[PDB]
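None of the figures in this text is laboratory data; all of them are computed from the coordinates on show. Cβ placement follows ideal geometry from the backbone for every residue including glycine, while neighbour counts extend to all protein chains displayed.
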Amino acid sequence: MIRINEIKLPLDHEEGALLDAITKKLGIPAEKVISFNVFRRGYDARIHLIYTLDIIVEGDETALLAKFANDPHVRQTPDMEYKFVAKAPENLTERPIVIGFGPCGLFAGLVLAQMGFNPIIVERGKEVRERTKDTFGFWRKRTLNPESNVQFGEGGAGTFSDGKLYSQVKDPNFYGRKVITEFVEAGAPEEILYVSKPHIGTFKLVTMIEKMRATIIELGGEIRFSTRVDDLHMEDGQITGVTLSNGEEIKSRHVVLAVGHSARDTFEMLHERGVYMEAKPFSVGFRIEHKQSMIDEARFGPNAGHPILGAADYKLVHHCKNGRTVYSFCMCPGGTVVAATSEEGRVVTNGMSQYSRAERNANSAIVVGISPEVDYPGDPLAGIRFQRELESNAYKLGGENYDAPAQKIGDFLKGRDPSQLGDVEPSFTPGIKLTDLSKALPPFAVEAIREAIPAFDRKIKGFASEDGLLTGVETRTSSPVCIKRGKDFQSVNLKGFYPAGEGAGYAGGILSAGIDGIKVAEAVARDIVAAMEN
Ligand SMILES: Cc1cc2nc3c(=O)[nH]c(=O)nc-3n(C[C@H](O)[C@H](O)[C@H](O)COP(=O)(O)OP(=O)(O)OC[C@H]3O[C@@H](n4cnc5c(N)ncnc54)[C@H](O)[C@@H]3O)c2cc1C
């Protein structure tokens, strides 16, 4: 195929302005174009769309490329097809175990299953429809199920999200593309393959994971929901199995740990058993809300409401006198601050949107880095203890209700702790209790957020508006531990055991966690292949 890039077309171009641009650029008639894909559609945020098209032409394309050698924007389309590194030897009697069915476990298990390894996937949480019952019900009737909530269950933490797929580091093996093609293959909107800043929306995420679960089952994988791993079978730096919370055993010498960074109990057990772990730094802050219209105004203006440009977003970063860095994270256009606790007596904030991104508010976590040996002890589990501390406190300030501590921008900045709501209303649910957020984070984080928000007002007008809403505590932005593994993908002090995903400290989102899943599946495969060789 032939790749043409830097095709500029007005925002409101008619259909097949694309094809016209193919013929204009390659001097070929419509009739020679067998087909084309949109490989990338972006825009310059100052409108004009920017495409990169991959084109199948009839005849000798090799000849056509030659006549354009001197054109930088006419390349040969790279070979982006995912390569299965192996296939399961027919010898196999041992099925690899995968612990957790978030994006990371999802791809470790899908890739293992596609290579005929017949992986067993366990998930402490539930199938996504019952999970949705448990979670929406927590949000409404304040009854929390510690095993089945925003953190735990089918699809892991990705499920109740805006489903943004973030930029990644370099990826010559096209892991990224492999993840998204599977998404699309399972019903995700085709758009996500080429659009800039793609998003899937929580509802689409739900139908998607189901299909993908069916796809792994059909392939010979096994998926056991409401099934929690509570201990590992260890013997001389070698794992040979796992024990379930029900007391059942499963024996295997290949075990992927992809449990997310909320698997605190699991983290405790791993410590108790001597698996190696290091304190990892991370961020904490508050969910902030403004009217989504005030963001549309600051980013677009008249072109606001356009069905392509979508709901506006933003991305902000401030270096405070404090020495700390405040930034915005998981920004959710027209979305909902969500109640993300997985623990009794703890309040946790995060963010979510629907595909349509049509709620009244724009939100995002405004967070600031904290570090082991600066902000808490340096023992491996100390970040966790510090989180639980932050979460217990917010529950408390929130009225032991599962309501969330909240304060208007205006008085948090100023210290006028008491004031009551303006027009920006809380999306957090069960609900919120106005209070003094100064009490909610460490003195240096509050000071940094305090400095950062007006500095943000300068970047987007209204960001420091008095009525804007600050909610809850966002405490779980990345893992407080590194379950270090090294080039082997194996725990540095335990063979057969594969630390993976966000939980391990090796991913930071849906796409990257999925990418890690693939890499891990590939290394479990290779290892098994090398083992089965003779
Ligand atoms: C509300 C919210 C919104 C988000 N929005 C976005 C977004 O727009 N874009 C983005 O890229 N990311 C988003 N994320 C982040 C994201 O979902 C994670 O980074 C990603 O899911 C990590 O995948 P993972 O498989 O490594 O871990 P997880 O997603 O956390 O999956 C871990 C699974 O393992 C299970 N588990 C834990 N312990 C055990 C055990 N002992 N036995 C069996 N199972 C166990 C858990 O229940 C869980 O289901 C969001 C997260 C949240 C909470």
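Summary table
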| read-out | value |
| --- | --- |
| At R0 = 60 Å, FRET efficiency that the Cβ-Cβ distance of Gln420 and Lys24 yields, to 0.05 | 0.50 |
| Nitroxide proxy distance, nm - points 7 Å out along Cα→Cβ at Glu218 and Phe444 | 5.3 |
| Protection proxy ranking, peptides 332-338, 365-371, 527-533, 395-401, average beta carbon neighbours within 10 Å, highest first | 332-338, 365-371, 395-401, 527-533 |
| Net lengthening on full extension, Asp488/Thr325 (0.36 nm per residue, minus Cα-Cα) | 55.3 nm |
| Peptides ranked, highest mean first, by Cβ atoms within 10 Å: ranges 146-153, 176-183 | 146-153, 176-183 |
| 28 Å Cα-Cα reach of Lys67 towards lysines, excluding residues that sit fewer than 8 places from it in its own chain | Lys8, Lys24, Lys25, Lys32 |
| Potential extension, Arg360-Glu185 segment - 0.36 nm per residue separation minus Cα distance | 59.8 nm |
| Estimated vicinal HN-Hα couplings, Hz - region 347-362 in sequence order (Karplus 6.51, -1.76, 1.60; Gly, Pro = x) | 10, 9, 9, 7, x, 8, 9, 7, 3, 4, 6, 10, 5, 6, 10, 8 |
| Segment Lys433-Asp265, length gained on full extension (0.36 nm per residue, minus Cα span) | 57.5 nm |
| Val374-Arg388 pseudo-label distance in nm [points 7 Å out on the Cα-to-Cβ vector] | 2.5 |
| Where a label projected 7 Å from the Cα of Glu130 along Cα→Cβ would reach, residues of region 242-261 with amide N under 15 Å | 246 |
| Label zone at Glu94 (point 7 Å along Cα-to-Cβ), backbone N below 16 Å, region 205-234 | 232-234 |
| Volume of the Cα convex hull of the chain, divided per residue and given in Å³ | 163 |
| Distance between region 241-286 and region 91-118 - C-alpha centres, whole angstrom | 18 |
| Flagged links, alpha-carbon separation over 22 Å, of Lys439/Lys461; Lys321/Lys396; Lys87/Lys178; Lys126/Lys204; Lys164/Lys211; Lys133/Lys280 | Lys439/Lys461; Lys321/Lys396; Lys133/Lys280 |
| Charge dipole magnitude, Cβ of K and R +1, D and E -1 - region 27-79, Cα centre, debye nearest 20 | 300 |
| Interchain or long-range residues, amide H under 5 Å from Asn350's placed H | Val338, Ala340 |
| Furthest towards positive pole of dipole, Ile22, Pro72, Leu9, structure part region 2-77, Cβ charges | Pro72 |
| Computed magnitude of the charge dipole of region 1-106 (debye, nearest 20; Cβ of K, R +1, Cβ of D, E -1) | 320 |
| Where labels lie 7 Å past Cα in the beta-carbon direction, separation of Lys87 and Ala63 in nm | 3.7 |
| Built amide H within the under 5 Å cut-off of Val481, gap 5+ | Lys280 |
| Between region 453-476 and region 47-67, the Cα center-to-center distance that results, in Å | 45 |
| Cβ-Cβ FRET estimate between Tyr43 and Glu249, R0 fixed at 56 Å, reported to 0.05 | 0.55 |
| Fraction of beta bridges assigned by DSSP in the chain that are antiparallel (%, nearest 5) | 75 |
